[PDB]
Each structure stands twice: as C-alpha cells, then as structure tokens.
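Computed from the coordinates by the stated procedures, all read-outs in this text should not be read as laboratory data. With ideal geometry, Cβ positions are generated from the backbone for all residues, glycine too; neighbour counts draw on all protein chains shown.
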Ligand SMILES: *[C@@H]1O[C@H](CO)[C@@H](O)[C@H](O)[C@H]1NC(C)=O
Ligand SMILES: *[C@@H]1O[C@H](CO)[C@@H](O)[C@H](O)[C@H]1NC(C)=O
Ligand SMILES: *[C@@H]1O[C@H](CO)[C@@H](O)[C@H](O)[C@H]1NC(C)=O
Ligand SMILES: *[C@@H]1O[C@H](CO)[C@@H](O)[C@H](O)[C@H]1NC(C)=O
C-alpha cells in the first residue's frame, strides 16, 4: 500500500523522482480513416464539377506489439465504424466538428487540414501517437523508442528534401514551401524529411507552434483539397522541436555558479564564473579585469565578512550581476544560444518503407524481407494499378501477409 | 483511492509495465578507501622486510548533490573509519572483510583487486550498484539512464585499445594481457579496449556468473596479497564477459516467434515465414518444395482451422520440428549464437581524465578546463612526487577546487572544528 510511495521516497535526498524514472504516462493513439465509396466520391465529383482493410490490422498491431497505449481515437468525416467495438470504452470516434475551430470547414476533403488540428481533442494525454492507417508495429515498441528524458524526444530522419524530390510533385512542392518558410524564419539550414512512421507528438510543443504560426496553419487548413503549399504534420513539429530557441536566463547561470545558495559569490566562485565566461587558456589579467569592471559597475551605480583578494571588491549579488551590463554582454557573447528542447537523430535503422509496385514477384520479395527481418515500424501503402490482370492477386498476397502477421482475434472487433 | 491503483494499470492490456518502464531501482554506491595510518605503514614494512587528500568526503558531497537517487552507500576499508564520518547516519555502512572474502586467510589483502573481486558479495546489496574508487566524482546530473537502458542494455565506456606491443609495462599492462589471453582462450581473439576509469554499474548476477565461469583465476587473484601480473582485473573482465557472453539457441523461442497464431500448428503462411527466415533471398518455389519434402520424410520416418496445400503434411507441432536433425542444423547455421546480455558502446565524449605532474600551470589549466566545461565523471589521478616544494601548493589548489565544487557539508559528515 505505502511500499510503492516509500520505494521512490527511499533515497538519500528523501524526494520522489517519478517524473524522471518512469517516463510520461499515459499515451494515446490517434488514427485517421476515410472511406472512398459512394457518397464521398459523389461529393468529390460534384465539387470538381462546381469548381484496403488496413485499419483492422493496424489496431491488431496496437494490441499485440504496443500494449502500453491508453486510448485510440479515429477522426472521421462522420463515417460510423464498420467493424469497431464500441462496448469497450477504450476506443472512441471523434468527428471533425470537435477538432475544427470553425464549423465552416467541416467538408474537409484534405489530409493536412485534418492533421493540423489533432491536438484539440478533449481527453487526450500530454503526448499522443499519430498513425495514417497504412503503418503498424512489427516488433515490440516501447515509449523509450520515441522519447527518452535524457536525450529528449527521438526524431527519425530520412532522405533530404532536394535530393528525394522531383518536379511536378504536389507533395514535394509543399515540403519545399515549408522549407522556404522555416529557412526564412529560423535561418538557412540543411533539412531532412522525417520518416513515414507512427510519430509521437506533444500537445504543448504543437500548441506553441500554433501560437507562433497561427496565420499559416489557418491558411493551410482553409484549403478544401490537398494544395501545392500545405504544411506537413510531422516535418513542422519535428523541425520546430529541433530549432526551438530558449532565452538566456542569467539568473539560472548565477544560481548554478553560486553553489552556496547564499546569493553572494566568494573568491573561488568568481573563478568558475570567469572560466565559463572566458575561453581557454585563462590568464590572471582577464580575471583582474573582470574584478575591475565589477568594482567600476558597483561604484558608478549607487547601491560574515567573507575575505576576498582585492579589498576594494564589494560583495556581488543578483542585484549587482544582473544589472551589470558589461558582464551580461560578455556572458551573452560567450554562451551560445541553447535549444529549448532536446532530441536524438538516427536514420532508417528499423523502418520498413516498402513500396508496392503491382508486381507480385517483387511484392512477395518485399514481404519476405519484412518477415526475415522483423522491424519496429512497417509502411505498406496500398498502391495498385487496378488496371492489371493480376492486380487482385497483389491484394490477395498482401492480405495473406496481413493474416500471417496478426491472426489472433482482438477485443476491438464484434464476434460475428 | 481506486484512481491511484488504476493509474499504473490503466491500459489496453490491463497489465502493469512498471518493471520495464521505471528503470532498474534501487541502486547503491560502493567505495574502496584506504588510509596511510601508522598501523598500515607498519604492516607494509613488516611484509616487505619478511618477503591524505580526503577525496572521500568530497565524493560523498558529489553523490549527495548530483546523484540523489541512490539508496545506500557502502564503503569497504581495513577496519578503519574517518573520525568526521557520520556512522550514526543509518544510510552509510562500513564493511569489513569478514563478510566479503570467502576465506579468512586473505584478510591482509593489501591489494585492490582482491577487494574488488569480492565487493559484490556484501549482504543487502542491490542487484545493480555503482563502483566508486575513492578518487572519481560525479558532475552535471547523473541518472540510471547514463549507465543502463532497457532497450539497449548497459552502456560500456571504452577509451583506447590495448597496444599488445609488449616489451614493457610494470604492473598495469601485464594484467591486461593476462585477462586478454584468458578471454582469447575462452571466447576467441579480437581487438579489445581498456574500460574507462569511472563509476561503473555492476550486476550481481553477471558478476556471480563470471566468478562461477572462471573460478580458478579468481581465487588466484584473491590469493595475491600484492598486485602482480597474475591477477584478473575487475572492469575488464566484467565488461568483456558481458559483451562476449553467448547462449545456445532454444528451438521453443524461434518456434513461438514463427507461430503467430499461438496454436502450436503451422499453416502455409507460418511455413513460408520460417522458410524465408532460414533461407536467403530470392526465395523460390524450389526451396519450399524441398522443405515440404523434408517435412514429409521426417514425418514418415517415425485442433481446428486445418488447411494445407499438400495433403501429405501432418500437423507440424513442436515435436515434429524439434527432432528433425537437418533442418535444425540449417536453422543453427542461419541464426548463429548471439550475445545473451545487451550492451551499448561509446567513447570519450563525457569523461574527464586529468593527471598532476607538479607543473603548477598545467594542473591549474586542467582544473580551469574542468570548471569551464563540467563533465559527468571526473577522474583526478594524484601522483605528486611530494619532494617538490610546490607539493603543498598543488595540495592547496586541489583543496580549493574540491571546496569550490562542493562547499556544502554532506549528510554523512559531522561538522566539527569549523575552519
Ligand atoms: C530565471 O531563473 C530564475 C531562477 O530563480 C527564475 O526565478 C526566473 O523566473 C527565470 N527567469 C525567466 C525570465 O524565465
Ligand atoms: C516484375 O519484375 C521483374 C523483374 O525481373 C520483371 O521481369 C517482370 O516482368 C515484372 N512483372 C510484371 C508483371 O511487371
Ligand atoms: C527452452 O525450451 C524449452 C522447451 O521445452 C522450454 O520449456 C524452456 O523454458 C526453454 N528454456 C529457456 C532458458 O529458454
Ligand atoms: C609548466 O607548464 C607550462 C604550461 O602551462 C609549460 O609551458 C612549462 O614549460 C612547464 N614547465 C616549466 C618547467 O615551467
């Protein structure tokens, strides 16, 4: 009963470090589902005139390989579930009326507009995982695969934007436009496309991005069809995480310098302050000049006897160091800008970006590649020519692979 | 309240994953300290004729300030204790050799490796602990993640490979070559590196398995009361046993990973999965036909949802796949023996290694660089000649550095004789 509390309270400090040892919990999952049959196609056709079965196996992968998620949300245009189980209260369907701030955009018919407003679902945990109904987990995946406290959120990158793009691509042009925006805002940098995977997102960082970039997100959500200059959901979040700048708070610098927590620096702490300010090697002249500028600032600005080197040195405090312009400028010049969030970068180590080209000889090869080498993230986008004699056979073998991977029943299905 | 209990078990699976998501806790700290007292000097003089910096008090402050999540601190010493130490504090325990060595004939150990090889056998010790050599201290902020991670196992720190040149070395390279030859005879030959001198995370189970796998060498190194070429080092042996331990393959594990249905019988899909796991791409119909031929032959030589492409196939259960010699041989050839313990390797990114050569400007530069760029682990080797007139100056400089880095008295000390 009290053993759980006492175990984390049993250290030399007597504190509790659950926020640093047990990861952030709980974690939710957000999917997306669209049905291209009958009414939706009719709406698209009339809009043009005026102007498969992957989700089940994805949820089965959620049950099998990632059993640490709390809730599953599926965003729909009002399409009621066809095989989901609503008796279990751990899965719910959220209509776009909730995510949209304005009801005039409910005929979405576009993916970035849906993806931009995910973080406004009520009941969502602090961090949530986003899957686009063509990805799944093929190996045991744990939250430390996405986020570790010491090295921050984990970012997976892939081919660079200019190299992997091509002319005449609607999606490539949007990524280039987002690149232009971020290079004109945070400065020029080499950018790499995030991997197509079940990304992990944080509500706080995304909301900060919303507040920082309201007009552009509103503009890209305004479009009713996928446009050439939309903003990607994963790339924006990840690169804002990378390039988030934090102001240099001098008070924390002094707090870390002043180990006594007494607010006054002894003769030994000026050594640490000067060495953090200065660059190697360090001569006595620089330290004497630091002491001289300190006394000059104390004398020019009107204002337990610790012994110092120079008796002309008055005791130094926060009210002195923070209001001393030369030392603050020297600290700012010395201390580089530090990122507000931490991150770790890797590549395509365990990501199965498999492409279906409507050639069963190659489809079976790709599936065998997946089967021999199990991977944590699998991408199986359904690209079929549908005008080929053996096109149904590709779907048949793909569904055979799906059945092979996850044949066990899941509780999120009606026992028909 | 029900919410407090359900918070850790609120999930789809309904199971508590605390043993995996909450890191290995608790963790203890062990120290090896010795003092140059009159009795120790007299016993050393007697042994040879027959045949202090007080860095502990500052490492304790470093543990208190930078590593507040440790549980207990154990120190092993030759019966002597500092006067300032707070023995009345029920969180630091002095440990004598009467409960460390298996035999009482080595109590005049007088050699660090003998104590090191047995430091893991103290009663009440946590399954994982951090080894402190009384000269290394912490910095920045240290968490169990800096030593161990569940997804990647432990983290081993390697500085630079052993030279193997020979024709030199007094008492350090010889022990490295000794352990190197032992591990070459046991696990094979490879280019090995010397672990960094730093606080090391040690497992009691792995250490016990190491001691039960090389028992003769370890009672030999416990035999030597003076450090010699014939001793087996602590960090080198532990880390390379962890990095080179292997386990024989168990057919049940692969049989269960290929049995996605968890039914005990393999359909065509599972047979294809096994075939593509064991064989190389591009898999063709010939390999599957040969596998089915081998299956039917091994069946002839001796429960719902049943369907097969070939009617000759009996239900492929654990019995039929476990006892088939040639396909088990091909399975072993495909999936070799892997390491039993996970590990992670990295270099010299965040380790501080400083030496004092009595050249005052360079030791001052070293400590100034430590101050400028704090690092997680600091190692200050003291080998001052003590005949240079600046020995007291170096002592004062090191005292100044230690006091500046940790001026606050620790919970393990009695504040006495102020200033
Ligand atoms: C700087 O850190 C101090 C620490 O005492 C804190 O009180 C203060 O709010 C911080 N300032 C800013 C602008 O964040
Ligand atoms: C599939 O690719 C192979 C590559 O060797 C080619 O020979 C074959 O014609 C392709 N099949 C189809 C149906 O395009
Ligand atoms: C090895 O396989 C056997 C098969 O009977 C199983 O019972 C046992 O638990 C396995 N042992 C290990 C150590 O994996
Ligand atoms: C002492 O150290 C300095 C580096 O700070 C070096 O230049 C000098 O040559 C060294 N030796 C002597 C004898 O001064």
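Structure data summary
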| read-out | value |
| --- | --- |
| For the protein assembly as shown, share of DSSP beta bridges that run antiparallel, in % to the nearest 5 | 40 |
| Cα convex hull volume per residue for the stretch A:89-156 (Å³) | 145 |
| P(r) tail fraction, the stretch A:275-416 - alpha-carbon pairs more than 20 Å apart, % | 70 |
| Separation between Cα centres of the stretch B:36-52 and the stretch B:350-419, rounded to whole Å | 28 |
| Whether the protein assembly as shown is rounded, prolate or oblate, judged on the alpha carbon gyration tensor where a/c under 1.5 counts as rounded | oblate |
| Point-to-point label distance, residue A:211-residue B:43, nm (Cα→Cβ direction, 7 Å offset) | 6.5 |
| Gyration tensor verdict on the stretch A:250-336 (Cα atoms; rounded if a/c is under 1.5, prolate if a/b is larger than b/c, oblate otherwise) | rounded |
| Coordinate range along principal axes, alpha carbons of the stretch B:286-349, Å, largest first | 62, 27, 24 |
| At q = 0.19 Å⁻¹, base-10 log of I(q)/I(0) for the stretch A:22-99 (Debye sum, equal scatterers on each alpha carbon) | -0.92 |
| Burial ordering of A:199, B:332, A:386, A:278, fewest other beta-carbon atoms within 10 Å first | A:386, B:332, A:278, A:199 |
| P(r), alpha carbons of the stretch A:228-291 - 5 Å bins starting at zero, rounded % | 4, 13, 17, 13, 12, 8, 7, 7, 7, 6, 4, 2, 0 |
| Normalised alpha carbon radius of gyration of chain B [divisor 2.2 N^0.38 Å] | 1.29 |
| Equivalent ellipsoid semi-axes - Cα gyration tensor, the stretch B:22-244, angstrom | 26, 25, 16 |
